[PDB]
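The next block holds one structure in the form of structure tokens; read it before the comments.
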Amino acid sequence: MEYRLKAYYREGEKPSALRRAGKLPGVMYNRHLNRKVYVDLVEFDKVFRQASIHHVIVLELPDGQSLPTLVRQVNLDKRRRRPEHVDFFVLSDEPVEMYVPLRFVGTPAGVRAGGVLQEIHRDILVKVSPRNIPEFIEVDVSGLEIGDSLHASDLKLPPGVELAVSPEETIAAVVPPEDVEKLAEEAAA
Amino acid sequence: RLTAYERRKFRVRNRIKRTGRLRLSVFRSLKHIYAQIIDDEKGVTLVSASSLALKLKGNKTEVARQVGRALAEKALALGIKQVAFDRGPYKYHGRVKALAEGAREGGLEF
Amino acid sequence: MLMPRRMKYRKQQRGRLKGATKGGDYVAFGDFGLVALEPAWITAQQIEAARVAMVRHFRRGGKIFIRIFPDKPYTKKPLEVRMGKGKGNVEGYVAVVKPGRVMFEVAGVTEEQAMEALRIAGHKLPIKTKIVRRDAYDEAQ
Amino acid sequence: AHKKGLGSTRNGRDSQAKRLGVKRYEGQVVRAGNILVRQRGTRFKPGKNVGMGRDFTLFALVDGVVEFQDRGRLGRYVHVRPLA
RNA sequence: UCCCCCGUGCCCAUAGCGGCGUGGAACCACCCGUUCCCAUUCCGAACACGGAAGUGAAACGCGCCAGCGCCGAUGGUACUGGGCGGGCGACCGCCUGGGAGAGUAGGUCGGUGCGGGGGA
RNA sequence: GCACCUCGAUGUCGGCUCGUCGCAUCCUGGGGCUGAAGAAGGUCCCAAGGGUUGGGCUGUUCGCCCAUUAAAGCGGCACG
RNA sequence: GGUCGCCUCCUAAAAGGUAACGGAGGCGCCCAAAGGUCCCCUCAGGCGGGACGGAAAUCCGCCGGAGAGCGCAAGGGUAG
RNA sequence: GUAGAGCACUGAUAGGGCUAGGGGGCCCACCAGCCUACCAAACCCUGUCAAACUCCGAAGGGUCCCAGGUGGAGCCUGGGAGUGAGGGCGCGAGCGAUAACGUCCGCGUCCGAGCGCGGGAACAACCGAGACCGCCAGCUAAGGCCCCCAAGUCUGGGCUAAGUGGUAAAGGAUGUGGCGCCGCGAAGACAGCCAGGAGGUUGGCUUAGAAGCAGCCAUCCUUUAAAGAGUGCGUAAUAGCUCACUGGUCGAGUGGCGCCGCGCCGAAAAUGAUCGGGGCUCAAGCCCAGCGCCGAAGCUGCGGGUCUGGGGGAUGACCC
Ligand SMILES: [Mg+2]
Ligand SMILES: [Mg+2]
Ligand SMILES: [Mg+2]
Ligand SMILES: [Mg+2]
Ligand SMILES: [Mg+2]
Ligand SMILES: [Mg+2]
Ligand SMILES: [Mg+2]
Ligand SMILES: [Mg+2]
Ligand SMILES: [Mg+2]
Ligand SMILES: [Mg+2]
Ligand SMILES: [Mg+2]
Ligand SMILES: [Mg+2]
Ligand SMILES: [Mg+2]
Ligand SMILES: [Mg+2]
Ligand SMILES: [Mg+2]
Ligand SMILES: [Mg+2]
Ligand SMILES: [Mg+2]
Ligand SMILES: [Mg+2]
Ligand SMILES: [Mg+2]
Ligand SMILES: [Mg+2]
Ligand SMILES: [Mg+2]
Ligand SMILES: [Mg+2]
Ligand SMILES: [Mg+2]
Ligand SMILES: [Mg+2]
Ligand SMILES: [Mg+2]
Ligand SMILES: [Mg+2]
Ligand SMILES: [Mg+2]
Ligand SMILES: [Mg+2]
Ligand SMILES: [Mg+2]
Ligand SMILES: [Mg+2]
Ligand SMILES: [Mg+2]
Ligand SMILES: [Mg+2]
Ligand SMILES: [Mg+2]
Ligand SMILES: [Mg+2]
Ligand SMILES: [Mg+2]
Ligand SMILES: [Mg+2]
Ligand SMILES: [Mg+2]
Ligand SMILES: [Mg+2]
Ligand SMILES: [Mg+2]
Ligand SMILES: [Mg+2]
Ligand SMILES: [Mg+2]
Ligand SMILES: [Mg+2]
Ligand SMILES: [Mg+2]
Ligand SMILES: [Mg+2]
Ligand SMILES: [Mg+2]
Ligand SMILES: [Mg+2]
Ligand SMILES: [Mg+2]
Ligand SMILES: [Mg+2]
Ligand SMILES: [Mg+2]
Ligand SMILES: [Mg+2]
Ligand SMILES: [Mg+2]
Ligand SMILES: [Mg+2]
Ligand SMILES: [Mg+2]
Ligand SMILES: [Mg+2]
Ligand SMILES: [Mg+2]
Ligand SMILES: [Mg+2]
Ligand SMILES: [Mg+2]
Ligand SMILES: [Mg+2]
Ligand SMILES: [Mg+2]
Ligand SMILES: [Mg+2]
Ligand SMILES: [Mg+2]
Ligand SMILES: [Mg+2]
Ligand SMILES: [Mg+2]
Ligand SMILES: [Mg+2]
Ligand SMILES: [Mg+2]
Ligand SMILES: [Mg+2]
Ligand SMILES: [Mg+2]
Ligand SMILES: [Mg+2]
Ligand SMILES: [Mg+2]
Ligand SMILES: [Mg+2]
Ligand SMILES: [Mg+2]
Ligand SMILES: [Mg+2]
Ligand SMILES: [Mg+2]
């Protein structure tokens, strides 16, 4: 369903101090607005893993006005793999693009009779209004064989959500699995 | 990408715009023929004889000859003398050529 | 063994390893992963022993993604020579990992079958390591 | 007890220093003749009152400050702007 | 002084690639011809010249879109002049000043100075 | 490897004499597991108190060999 | 054993400069045209196109800002 | 044009997409169709690496102008030298082994020449600090304030139980403390004490007898208030029967992952030991906070000497 978490304001205190202080800086911003902020990390963590960048969350400011948000680039602290900043895109009524969770369903005929698929593209880029935010993008996959694949010119796409990537881009493929019989002629070279 | 015309312009143009002298920029039309006088250092035109303004006719190269005689007097009134003839993509033969030796008739130095 | 199949230059300098990685600090192909906790050079010798380790874990099945390549020439002076008289001949090949860089990913593998898997492959390594699963933070990256 | 079949380097050669680059700077008084920039191929272009030597050296032609100009895709220029 | 046009300078692709349009009375172009000047490692393609029948197809001009290229923040971070502490080390942390590259939001199908030739 | 004391000198190998110390233990003492029936043996732990042979060959240390042994331990001490 | 003068690049820490028996390369010539000028012109390459004829001889087409070329090493520069 | 950073060029590069020829059946081409869990060019998307790659690009550093800056500053001309083995430390590189009290450069410092002074147990170059002379005067600096040893057995909160502290790594463990997160809890939980632990489970299974454990495979269906072509001690083989399982009983918690603090193992050396020693365990250890005080040849106080500029002197001397 829809998502929501607090979001207090900042005029630019110490991003260092603030980040240490149990919380997390970042900015809310769109073609019209642009505002320094900071949410709680642990609450963000709570919220983000399920929401991410394909479910629209909304931000309760201290001055109320709960604007519809969508994340535009999270900043991962490379050494520690922990966030340190969130770009928060407030949505007007627009075809403002975003990536939507692709649903490979019915496990491929390559797999159970061979190896296993490879989710090259867990989600897909697409132009669509704030209204149509598909929780799924159910796309068949049980026909794809070993050493086969499909492209973005092979998608369901519900109405208004017509793709913003490319019809040539690839989405998923079943690969051969690492046999230990292979290991023989590998390092014997 | 540039045209044979476009390259040939700069090629002779730059040869002259870096002489410091007043550049007399010409233009050959199939209709008639004109030419101004530019102090490129600023960018202003000093004076501008022509064949559409002077609205003459009667053989292209003889009205090419005349326009320069206009330039000569009409520029020498403003104490102009340092002349550097921007011959454009066109050569120095016939049309644009006659304009020069016509501009020389007045007293213009070049 | 993972040698560069063509080479622009022969011997190559040492260079210190200050700081965190430059990329690949977020999973991108597999479900789980292995990462650096501390910086080192990794030999093709090491890398291959980790691969072979996992490959033997889910014998027949699974797909291994390995996100680092030995592109640096690990030169070394022959046995019992004094200083100078040039640089060592190239003895090995190593790859520069800094903390955060992702090394081994797996897909088509159970939960613990990729825990025990990416566990042992951690043991064939000169460095402390963390295993971490793909997450939204990686999808947003 | 020591040395054995010691490899000789085929290199260890090297060029002289050319001490190139920019010798006078913008808003620096110069007289006529001075060298403003030594270079190998117009990284800098011969402006007004700035000449260019047979090796692409760039020397002042008249006095008063040098001045740098950057005309984007056209080139970097330096001219001298005469006295007062 | 406002506008279109021609010849031009200048910022440096926000200018450009592409597709869509419209402009010929003016001015510009193609277009007419090889007689003359001039002209092609062959060709009036080009350069030249005498022209004014055709035209706006081409090019160019003004414009429209954003598919490409282009430019492109705020916020945070990497790094660091300077001042400290930290680890056997490989190296890590804090202070103070400075602070990117990518990427995100967005912008962009140009902007103008000098003279001339039309419109009112 | 380095070139830090010592080139107005710190005598090298091996043997002989005398040893003494370390323990990563050859022997004996004490243990665990055993693919330990017993005997025997294996590997590991504890433990340095004492012990740790005589010859052939070769300058040799080493090593091979002969005959024994509870065992015929290595190593530090300017390779005492 | 190798080296010894010269040039290019890197090391060289965004001025110049900077060592090592550091990492990579070249020079000891050449050109009466490869020079001076004036006029003129424009690459590599790729796709389609075509007797011999070709992955590539030459001719045609549309796309190309520079990846060609600039005697020879490399860097800078460079089709205004 | 460096750190960074980025592949836009130069090259590397993992995968996947797509696609030449090679490889290879289909054909058996005399040649076409080629299909691709084969090799894999250009080419595409994901993901990267580079001193000698650059679409980018710092902090800074140069250099001129302008302003502060009177300093054992700077400049011009001359007299005289000495030096032309440097070393260590910090940082930035190369070489070396991301070895050396190694080596070779760049910046800086210090020693050299400050082996004068305080710390550092001791000890050129680590910390503090630039010794003109005197003083049984005072403030401090690093470091310290149980005793040797000057000054807190000061103060408040917390951790550690190894003498860790008082020398070490991969890796290992219900150490002790401290945070999370999830799962089972009176839809009676964990743990034990237990009526139970039924069937065409008549084992697909032929050989000295394989009615449940080498015998190779719907790993067969049962009453389900309760289950296995067997986790089991009988294990090719009657007795005997454990549990996974269920029901009571019990009556409050329990099991799992993760992180942070401080410990534990890992840990073997040669003349006699040791943290400088004695000795220390709500510290005399570790962190956090606060306040005193000890402490140098630094600073101050007082006396003096000296050279320099300054005034006096409207004079050398002499005086401040
Ligand atoms: Mg700011
Ligand atoms: Mg494939
Ligand atoms: Mg296929
Ligand atoms: Mg010897
Ligand atoms: Mg050089
Ligand atoms: Mg124009
Ligand atoms: Mg039209
Ligand atoms: Mg008409
Ligand atoms: Mg048309
Ligand atoms: Mg156009
Ligand atoms: Mg207009
Ligand atoms: Mg206009
Ligand atoms: Mg308009
Ligand atoms: Mg307009
Ligand atoms: Mg529009
Ligand atoms: Mg737009
Ligand atoms: Mg648009
Ligand atoms: Mg950008
Ligand atoms: Mg510093
Ligand atoms: Mg330090
Ligand atoms: Mg900033
Ligand atoms: Mg900072
Ligand atoms: Mg008008
Ligand atoms: Mg009128
Ligand atoms: Mg003897
Ligand atoms: Mg002895
Ligand atoms: Mg012992
Ligand atoms: Mg042993
Ligand atoms: Mg025994
Ligand atoms: Mg004997
Ligand atoms: Mg013996
Ligand atoms: Mg020895
Ligand atoms: Mg010896
Ligand atoms: Mg010995
Ligand atoms: Mg010799
Ligand atoms: Mg200089
Ligand atoms: Mg030298
Ligand atoms: Mg092509
Ligand atoms: Mg062809
Ligand atoms: Mg043909
Ligand atoms: Mg043909
Ligand atoms: Mg051809
Ligand atoms: Mg060349
Ligand atoms: Mg370069
Ligand atoms: Mg280049
Ligand atoms: Mg590949
Ligand atoms: Mg590839
Ligand atoms: Mg492959
Ligand atoms: Mg194909
Ligand atoms: Mg670089
Ligand atoms: Mg930029
Ligand atoms: Mg900047
Ligand atoms: Mg003075
Ligand atoms: Mg003098
Ligand atoms: Mg004199
Ligand atoms: Mg003199
Ligand atoms: Mg000397
Ligand atoms: Mg000395
Ligand atoms: Mg001394
Ligand atoms: Mg001493
Ligand atoms: Mg001292
Ligand atoms: Mg000292
Ligand atoms: Mg007391
Ligand atoms: Mg507490
Ligand atoms: Mg554990
Ligand atoms: Mg209930
Ligand atoms: Mg059975
Ligand atoms: Mg029974
Ligand atoms: Mg528990
Ligand atoms: Mg003590
Ligand atoms: Mg206390
Ligand atoms: Mg006095
Ligand atoms: Mg006197």
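Residues in the structure tokens are named by chain (A, B, ... in the order shown) and by number from 1 within that chain; ligands are numbered from 1 in the order shown.
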Can you work out which residues from chain E touch chain C at a cut-off of 12 Å (counting only C-alpha atoms (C1' of nucleotides)) and hand them back as a PyMOL selection string? chain E and resi 78-79+90-92+101-104
Could you go through chain D and tell me which residues DSSP, when run on the backbone, assigns to strand (DSSP E or B), listing them as a PyMOL selection string? chain D and resi 21-22+35-38+45-46+50-52+58-60+66-71+75-80
List all protein, DNA and RNA residues that have at least one atom no more than 12 Å from any atom of ligand 27, counting only C-alpha atoms (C1' of nucleotides) and all ligand atoms, and write them as a list in words.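 Written in the requested form, the residues are residues 22, 23, 24, 25, 45, 46, 47 and 48 of chain F; 267, 268 and 269 of chain H.
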Distance limit 12 Å, atoms considered: only C-alpha atoms (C1' of nucleotides). Which chain D residues sit that close to chain G? Return them as a VMD selection string. chain D and resid 3 to 25 38 to 45 55 to 56 73 to 75
Please produce a file of those selected residues containing C-alpha atoms, as a compact mmCIF listing (two decimals), in the first residue's frame.
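Once everything was written out, this is out.txt:
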```txt
# COMPACT_ATOMS: atom_id res chain seq x y z
CA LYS D 3 75.79 -10.85 -7.32
CA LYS D 4 74.51 -13.18 -10.14
CA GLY D 5 73.45 -12.70 -13.80
CA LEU D 6 72.25 -9.13 -13.05
CA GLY D 7 69.70 -7.89 -15.61
CA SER D 8 70.62 -4.67 -17.34
CA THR D 9 67.87 -2.13 -17.93
CA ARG D 10 67.42 -1.19 -21.58
CA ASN D 11 66.17 2.24 -20.53
CA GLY D 12 67.33 4.70 -17.91
CA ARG D 13 67.63 7.30 -20.66
CA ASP D 14 65.96 10.75 -20.43
CA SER D 15 65.43 14.17 -22.10
CA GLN D 16 66.55 17.58 -20.92
CA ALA D 17 64.27 19.98 -19.09
CA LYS D 18 62.62 22.41 -21.51
CA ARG D 19 61.51 24.86 -18.84
CA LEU D 20 58.50 25.62 -20.95
CA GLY D 21 55.12 27.11 -20.05
CA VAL D 22 53.90 30.59 -19.30
CA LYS D 23 56.52 33.19 -18.46
CA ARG D 24 54.50 36.44 -18.08
CA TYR D 25 51.03 36.73 -16.52
CA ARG D 38 57.22 29.30 -24.22
CA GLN D 39 55.37 26.29 -25.62
CA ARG D 40 55.30 23.61 -28.29
CA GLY D 41 52.22 24.36 -30.40
CA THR D 42 49.72 27.14 -29.78
CA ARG D 43 48.17 26.17 -26.49
CA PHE D 44 48.07 29.93 -26.50
CA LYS D 45 47.19 32.00 -29.59
CA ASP D 55 58.98 27.23 -32.36
CA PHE D 56 55.59 28.72 -31.33
CA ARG D 73 36.25 26.53 -29.08
CA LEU D 74 38.29 29.09 -30.99
CA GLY D 75 41.36 29.09 -28.74
```
Between chain B and chain E, at 9 Å or less, what are the per-residue closest atom pairs and their distances in Å? Count only C-alpha atoms (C1' of nucleotides), order by chain and rising residue number, and return it as CSV.
```
residue,atom,partner,partner_atom,distance
B:25,CA,E:7,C1',8.4
B:26,CA,E:7,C1',8.3
B:27,CA,E:7,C1',7.0
B:29,CA,E:28,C1',8.2
B:31,CA,E:52,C1',8.9
B:34,CA,E:7,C1',8.7
B:35,CA,E:7,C1',8.2
B:36,CA,E:115,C1',7.7
B:37,CA,E:115,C1',8.8
B:38,CA,E:114,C1',8.5
B:40,CA,E:9,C1',7.1
B:42,CA,E:9,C1',8.6
B:43,CA,E:9,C1',5.5
B:44,CA,E:114,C1',4.1
B:45,CA,E:115,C1',5.1
B:46,CA,E:115,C1',7.6
B:47,CA,E:115,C1',7.2
B:48,CA,E:115,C1',6.9
B:49,CA,E:116,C1',8.7
B:50,CA,E:116,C1',8.5
B:52,CA,E:117,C1',7.0
B:53,CA,E:117,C1',6.8
B:59,CA,E:50,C1',8.2
B:60,CA,E:50,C1',8.6
B:90,CA,E:47,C1',8.1
B:91,CA,E:47,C1',7.9
B:93,CA,E:38,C1',7.5
B:94,CA,E:37,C1',6.8
B:95,CA,E:49,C1',8.8
```
Give me, as a PyMOL selection string, all polymer residues having an atom no more than 12 Å from residue G:61, counting only C-alpha atoms (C1' of nucleotides) and skipping those fewer than 2 positions away in the same chain. chain G and resi 47-50+59+63
Within 12 Å of ligand 2, which residues show up when you count only C-alpha atoms (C1' of nucleotides) and all ligand atoms? List them as number ranges by chain, please. A: 117-118, 145-150, 172-176; H: 15-19, 36-38, 40
Neighbours of ligand 55 within 12 Å, counting only C-alpha atoms (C1' of nucleotides) and all ligand atoms, as a PDB file with C-alpha atoms (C1' of nucleotides), in the first residue's frame?
```pdb
ATOM      1  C1'   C H  76      73.894  46.881  -5.104  1.00  0.00           C
ATOM      2  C1'   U H  77      79.597  46.860  -4.936  1.00  0.00           C
ATOM      3  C1'   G H  78      83.644  44.787  -2.852  1.00  0.00           C
TER       4        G H  78
END
```
What is the atom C1' of residue H:55-atom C1' of residue H:8 distance in Å, reported with one decimal?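 A separation of 4.5 Å between them.
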Selection: 10 Å around residue B:19, only C-alpha atoms (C1' of nucleotides), excl. self and same-chain fewer than 5 positions, as number ranges by chain: B: 14, 84; D: 48
For the residues selected in the previous step, produce a file with N, CA and C atoms as a short mmCIF file (atom, residue, chain, number, x, y, z; two decimals), in the first residue's frame.
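Final output, saved to out20.cif:
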```cif
data_model
loop_
_atom_site.label_atom_id
_atom_site.label_comp_id
_atom_site.auth_asym_id
_atom_site.auth_seq_id
_atom_site.Cartn_x
_atom_site.Cartn_y
_atom_site.Cartn_z
N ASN B 14 41.09 36.11 -42.38
CA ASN B 14 41.94 36.17 -41.20
C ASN B 14 43.33 36.72 -41.54
N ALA B 84 42.52 47.92 -46.44
CA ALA B 84 42.85 46.51 -46.56
C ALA B 84 41.68 45.76 -47.19
N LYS D 48 46.58 40.48 -30.09
CA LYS D 48 46.96 41.79 -30.58
C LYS D 48 48.23 42.27 -29.88
#
```
